[PDB]
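Quick setup: one chain, the form deposited without its partner chain, written in structure tokens, and binding and motion questions come after.
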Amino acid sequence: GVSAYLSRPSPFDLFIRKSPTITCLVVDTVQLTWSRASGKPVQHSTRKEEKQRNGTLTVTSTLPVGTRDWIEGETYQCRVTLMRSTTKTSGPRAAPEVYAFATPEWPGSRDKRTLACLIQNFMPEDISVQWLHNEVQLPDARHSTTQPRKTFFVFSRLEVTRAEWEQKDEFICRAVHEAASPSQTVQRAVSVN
């Protein structure tokens, strides 16, 4: 009934911002407790609480973790009152392949165009996908990325309006991956016309 998940830091937050966070998610007052397997101190975590439209209550705790602490292999635990653990992914690494496409205009969509990005063949599954226009990152809510499925690959989708591509007809799909070289960034550009 009451599910619990614990995610790893975003690759964009972990390698670029150097501000990694892990998130413990509880899906139906429950209490969440952070703890480290080493015993070292956990930082103060932010806790959020939101009632969903299906009557579900969702509790999310976001814990800041040390960048070196995460890469050194620390194991963090989330205790709900069921306990979850998260640690870095081991295993082989591989850079991602990025391809960006632009749809032709649908018979109706004369002033809106859809951009798609395929990122595939990367290891492990942890990846961040971003869309940029004029070197400024777009709001995350404007694009929708699938979770990685084993061949790992993700698809990203971004609808752009006529005002944007007429301002500049160039949109960058950027993948931030642990195995991406040389700046943990592999990106592609695409144009509407």
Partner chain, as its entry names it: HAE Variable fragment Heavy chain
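Numbering follows the first chain given and starts at 1.
Per the record, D28 and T29 are separated by a gap of 4 to 9 residues from the deposited sequence that were not modelled.
Unmodelled residues of the deposited sequence between neighbouring positions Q137 and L138 number none; the chain is continuous. Across the two stretches, 126-134 and 30-38, the PDB entry reports the greater mean Cα temperature factor for 30-38. The mean Cα B-factor in the deposited entry runs higher for 12-20 than for the other of 165-173 and 12-20. In this PDB entry, the Cα temperature factor of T114 sits in the bottom third of its chain's modelled residues, the lowest group. In this PDB entry, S85 carries a Cα temperature factor that places it within the highest third of its chain's modelled residues.
When the CA B factors of the chain's modelled residues are split into thirds, the value for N121 lands in the middle one.
Sort the modelled residues of the chain by CA B factor and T151 lands in the highest third. In the PDB entry, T56 places in the middle third of its chain by CA B-factor.
Unshown form solved in complex with its partner chain; subsequent notes refer to it.
Contact annotation: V27 falls outside 4.5 Å of its partner chain in the deposited complex, judged by heavy atom distances. Of the heavy atoms in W165, none are within 4.5 Å of its partner chain in the deposited complex.
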